[PDB]
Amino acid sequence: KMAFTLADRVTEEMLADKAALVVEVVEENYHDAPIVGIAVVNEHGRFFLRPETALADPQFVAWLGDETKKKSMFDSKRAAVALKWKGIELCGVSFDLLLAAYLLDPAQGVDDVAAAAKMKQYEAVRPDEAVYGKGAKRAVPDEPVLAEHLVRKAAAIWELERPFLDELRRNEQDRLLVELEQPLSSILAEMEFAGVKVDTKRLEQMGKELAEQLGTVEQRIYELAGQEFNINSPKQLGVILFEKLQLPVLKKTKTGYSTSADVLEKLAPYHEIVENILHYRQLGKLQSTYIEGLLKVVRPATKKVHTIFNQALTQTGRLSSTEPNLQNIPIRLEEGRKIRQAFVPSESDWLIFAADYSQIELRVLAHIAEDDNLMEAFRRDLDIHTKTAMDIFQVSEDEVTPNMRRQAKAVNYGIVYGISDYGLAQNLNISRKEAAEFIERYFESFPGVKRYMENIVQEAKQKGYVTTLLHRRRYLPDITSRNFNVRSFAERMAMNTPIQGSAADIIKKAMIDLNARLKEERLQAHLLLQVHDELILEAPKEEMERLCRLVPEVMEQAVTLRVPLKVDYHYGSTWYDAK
């Protein structure tokens, strides 16, 4: 039902200077994944190519790599990384429909062309699920069915760039798409393809040591509980704790007894099995997720893991990291922080460099709320987390333990993002009246932040959405809900999303300026990871000096706020030593 050429060879009319392009990687994880078909829609017609044909043709490769030949795509990063695994560069992507859809409404969860087309009442294209099937029935269909479905996706991309750019313009998001998200998409492709090298010997050794520490812990648990049970099964774990040992019930999930770590820490005075269980889970978490899980996804030839950065998933504009998640590698506990010793540079004589913004969401909040005292605090380069530990625990700066600090870190974010006195009290083991009066005092020092939280909720109510400093947008329909719980979660979304998503935009612009900087300095240094407010690079040791002077300035200068941005930086032989 759609006219197109099944091309046997590459012709000149498939090489126009503007085109919609589809490079299908059906595999979920597109690293080293097969390319199953290629479709080109342009002013001369609709063409389907087999990858063996086109990806071996010198003119087609030349056309993919030519930045002056513009391509419109859905999920250009997926295509670009699959082609990198094939020795082929893709440039000139001028429109990425996936990222256009994402800016317009991140809650749609657009994950194929058909879902984004629907936003503009375009339906001449099928959902990928309907073509490839789900689960274990997943299959590339036959060439005639595959070819039409790629051509329909391409035709759809072709027809929708203009209506999508039009809405982006009205929303003030067009420069956000073309100058921020699409450039960032090429950078993330380089980072994902480059990978991070992993010391598998060291990781293997930790795994053998974790196995023997686990049993030993697991044994004391069995002799304290009397019997044995699936310590991971809250069924009999509940029966052990809140029935056999008769410990108080402090929380009930919808399932039953809550055995979460906040509860267990509160039961620590009652019995010496709750601490062992906690130590057991920690050791379990390290062994399943970061020892075993990491070794599974290591590419054996190179000992590099290749994350996938989701750019169009989170509701606030942050990235997300998947298979493996390299954005929640342990750091706070010593046993788990040792895992970062396994993450090493990909080349002898190279080092890891890591820079990060100091309390960036609070600096943003100070800029957006225009709160005098909060702006002054950061113009003094105060550490508000330590200064809050001092007020909480009534000590001096020298006496602030890192524990008291991370606790005040949660009070600072918790208070500004709507924590209740109940919630503040559960986290400080103080009375609920003390927690309420601390929150009153805290908004005495920062009335401008209080005004800001009231106003942003009135602005959500009026407009239907909240925006970020760079005009990322998030619809909050529940902000006017009649249900008190549903309305309150939406109010705290209105207080949080403009801040957290403004910090995501800032580090996104920083990454873009960093790459351009590294290119004019022509350094071999390159990004490896982004962990929300931290940029981790690797580089030859000969380049660290330059990087110490370039990376902080580039980050601090990404945007200009009414308070300065602060950046800490370290380097070392491993990611461990880079903090």
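Position 1 is the first residue in the sequence shown; the rest follow in order.
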Notebook entry, point to check: Hey, which bit's got the bigger mean C-alpha B factor in the entry, 336-344 or 446-454?
Noted result: 336-344
Item checked: Mean C-alpha B-factor comparison - 386-394 and 363-371, higher one -> 386-394
Item checked: Among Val93, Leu476, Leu165, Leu210 - the residue whose C-alpha B-factor is largest in the record -> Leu210
Check: Highest CA temperature factor in the entry: which of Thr307, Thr497, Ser233, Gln311?
Finding: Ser233
Check: Based on the entry's values, in what third of the chain does the Cα temperature factor of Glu181 lie: lowest, middle or highest?
Finding: lowest
Next item on the list: Check where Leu237 lands among this chain's C-alpha B-factors and tell me if it's the lowest, middle or highest third.
Entry: highest
Margin query: Lowest, middle or highest third: which one holds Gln426 when the chain's residues are ordered by CA B-factor from the entry?
Written below: highest
Margin query: Lowest, middle or highest third: which one holds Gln530 when the chain's residues are ordered by CA B-factor from the entry?
Written below: lowest
Next item on the list: For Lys433, return the chain-relative third of its C-alpha B-factor as stated in the PDB record: lowest, middle or highest.
Entry: highest
